[PDB]
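K.L.:
Have a look at this one.
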Amino acid sequence: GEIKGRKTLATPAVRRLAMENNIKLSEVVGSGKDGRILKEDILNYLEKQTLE
């Protein structure tokens with residue numbers, strides 16, 4: 001399940017944010033279409049544990 005693509009669609013404040021919690025931006029839940037990756041996606045991602 002390797003991913004090869006460093007792309008993201010969101011404000012410059014949302015990007016660094018994910019960094020504060022040691023989390024990328026492409027791995028976060030979203031569509032990366034036109035700002036799809038919003039706070040609702042980040043807050044929901046940082047909380048959602050994707051490891052098991």
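Letters for chains follow the order of the structure tokens (A, B, ...), residue numbers begin at 1 for each chain, and ligand numbers begin at 1 in the order shown.
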Using DSSP secondary structure from the backbone, list all alpha helix (DSSP H) positions within chain A, as a PyMOL selection string.
P.N.:
chain A and resi 12-20+39-47
K.L.:
Next, the residues of the selection above should be written as a CSV table (one decimal), in the first residue's frame with N, CA and C atoms.
P.N.:
chain,number,residue,atom,x,y,z
A,12,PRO,N,-2.3,27.2,3.7
A,12,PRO,CA,-1.0,27.0,4.2
A,12,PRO,C,-0.9,26.8,5.7
A,13,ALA,N,-2.0,27.1,6.4
A,13,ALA,CA,-2.1,26.9,7.8
A,13,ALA,C,-2.5,25.5,8.2
A,14,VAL,N,-3.2,24.8,7.2
A,14,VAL,CA,-3.6,23.4,7.5
A,14,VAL,C,-2.5,22.5,7.3
A,15,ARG,N,-1.6,22.8,6.4
A,15,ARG,CA,-0.4,22.0,6.1
A,15,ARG,C,0.5,21.8,7.3
A,16,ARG,N,1.0,23.0,7.8
A,16,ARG,CA,1.9,23.0,8.9
A,16,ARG,C,1.2,22.4,10.2
A,17,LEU,N,-0.1,22.6,10.3
A,17,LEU,CA,-0.9,22.0,11.4
A,17,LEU,C,-0.6,20.5,11.5
A,18,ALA,N,-0.9,19.8,10.5
A,18,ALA,CA,-0.6,18.3,10.5
A,18,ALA,C,0.8,18.0,10.9
A,19,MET,N,1.7,18.9,10.7
A,19,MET,CA,3.1,18.7,11.1
A,19,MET,C,3.2,18.7,12.6
A,20,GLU,N,2.4,19.5,13.2
A,20,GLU,CA,2.4,19.7,14.7
A,20,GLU,C,2.1,18.3,15.4
A,39,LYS,N,-10.4,21.6,7.8
A,39,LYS,CA,-10.2,21.3,9.2
A,39,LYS,C,-11.0,20.1,9.6
A,40,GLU,N,-12.2,19.9,9.0
A,40,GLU,CA,-13.1,18.8,9.3
A,40,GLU,C,-12.4,17.5,9.0
A,41,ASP,N,-11.5,17.5,8.0
A,41,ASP,CA,-10.8,16.3,7.5
A,41,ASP,C,-9.6,16.1,8.4
A,42,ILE,N,-8.9,17.1,8.8
A,42,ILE,CA,-7.7,17.0,9.6
A,42,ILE,C,-8.1,16.6,11.0
A,43,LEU,N,-9.0,17.4,11.7
A,43,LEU,CA,-9.4,17.1,13.0
A,43,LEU,C,-10.0,15.6,13.1
A,44,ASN,N,-10.7,15.2,12.1
A,44,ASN,CA,-11.2,13.9,12.0
A,44,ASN,C,-10.1,12.8,11.8
A,45,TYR,N,-9.1,13.2,11.1
A,45,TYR,CA,-8.0,12.3,10.8
A,45,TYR,C,-7.1,12.1,12.0
A,46,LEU,N,-6.6,13.2,12.5
A,46,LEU,CA,-5.7,13.2,13.7
A,46,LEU,C,-6.3,12.4,14.8
A,47,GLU,N,-7.7,12.3,14.9
A,47,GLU,CA,-8.4,11.6,15.9
A,47,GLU,C,-8.5,10.1,15.5
K.L.:
So that I can see what lies close to residue A:37, please list as a PyMOL selection string the residues with an atom at most 9 Å from it, counting only C-alpha atoms and leaving out residues fewer than 4 positions away in the same chain.
P.N.:
chain A and resi 8-11+14+25+28-33+41-42
K.L.:
Between atom CA of residue A:23 and atom CA of residue A:50, what is the spacing in Å?
P.N.:
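Going from atom CA of residue A:50 over to atom CA of residue A:23, I get 11.6 Å.
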K.L.:
Compile the contact shell of residue A:3 as a list in words: residues with an atom at most 10 Å away, counting only C-alpha atoms, same-chain residues fewer than 3 positions apart removed.
P.N.:
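Once the adjacent positions are removed, what remains is residues 6, 26 and 27 of chain A.
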K.L.:
Write out the residues from the selection above, keeping C-alpha atoms, as a tab-separated table (two decimals), in the first residue's frame.
P.N.:
chain	number	residue	atom	x	y	z
A	6	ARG	CA	3.27	14.61	-2.77
A	26	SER	CA	-1.52	13.50	1.40
A	27	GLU	CA	-2.23	10.70	3.88
